[PDB]
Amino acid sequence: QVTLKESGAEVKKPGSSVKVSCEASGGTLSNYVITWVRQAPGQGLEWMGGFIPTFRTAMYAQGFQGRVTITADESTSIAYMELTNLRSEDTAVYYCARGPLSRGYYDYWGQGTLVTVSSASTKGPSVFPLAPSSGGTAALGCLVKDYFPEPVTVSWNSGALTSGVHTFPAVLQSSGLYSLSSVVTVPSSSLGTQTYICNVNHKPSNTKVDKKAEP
């Protein structure tokens, strides 16, 4: 399958401009339609526009016209989207997608880029262990508190531990900072024979924290 790789998550000030890249790896963007679609958190998909690199013609949603620009570089097989005059309502996951010419469907999508539009300062999380003070099963976890913006990625034992893992959606605190928890259920007997380390990465503040959850 053609893989569409998009640039990293970003925080942008209102009134500014954002540029998202979409690299086609193992395929081409020539003789195809490259389209940008966005999704605000907990909301639906919204079509922004399309571009045909070969015919050098774009078509933008009437509501994005004059504020969005879709471009492509032939030698690199990379598409770009530029959204100017950013507003709080522009906070969304931006997806790039490829589809056939004269066919308005999209068979290949990128992973998406979260673009947060805020005046607020970037802040790395404080990571605290959640350990019990339960029968055959115990729960351990990590409390990822007071961070901004989203996202935060959490893994257990550098990604080796995946089964029994629940990473909860972040909650917005009254302070305007995000808080999240990540839990793992394990056998009670394992709390004395095994190590459980939660790895937290917050790319916007370039923070990386490894925390052991012990009872």
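In this text, residue numbers run from 1 along the sequence as written.
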### Query
From residue 133 on to residue 134, does the model leave out none, 1 to 3, 4 to 9, or 10 or more residues of the deposited sequence?
4 to 9
## Note on the structure
Averaging the C-alpha temperature factors as deposited, the higher value of 136-144 versus 71-79 falls on 71-79
## Note on the structure
With B-factors read from the PDB entry, the higher C-alpha mean of 35-43 and 51-59 is in 51-59
### Task
Tell me, please, which of 180, 177, 165, 29 has the highest C-alpha B factor according to the deposited entry?
29
### Query
If you rank the chain by CA B-factor, which third does residue 199 end up in: lowest, middle or highest?
lowest
### Query
In terms of the CA temperature factor given in the entry, to which third of its chain does residue 118 belong: lowest, middle or highest?
lowest
### Query
Ranked by Cα temperature factor within the chain, is residue 185 in the lowest third, the middle third or the highest third?
lowest
### Third of chain Cα B-factors occupied by residue 65
highest
### Summary
For residue 101, the third of its chain by CA B-factor is the highest
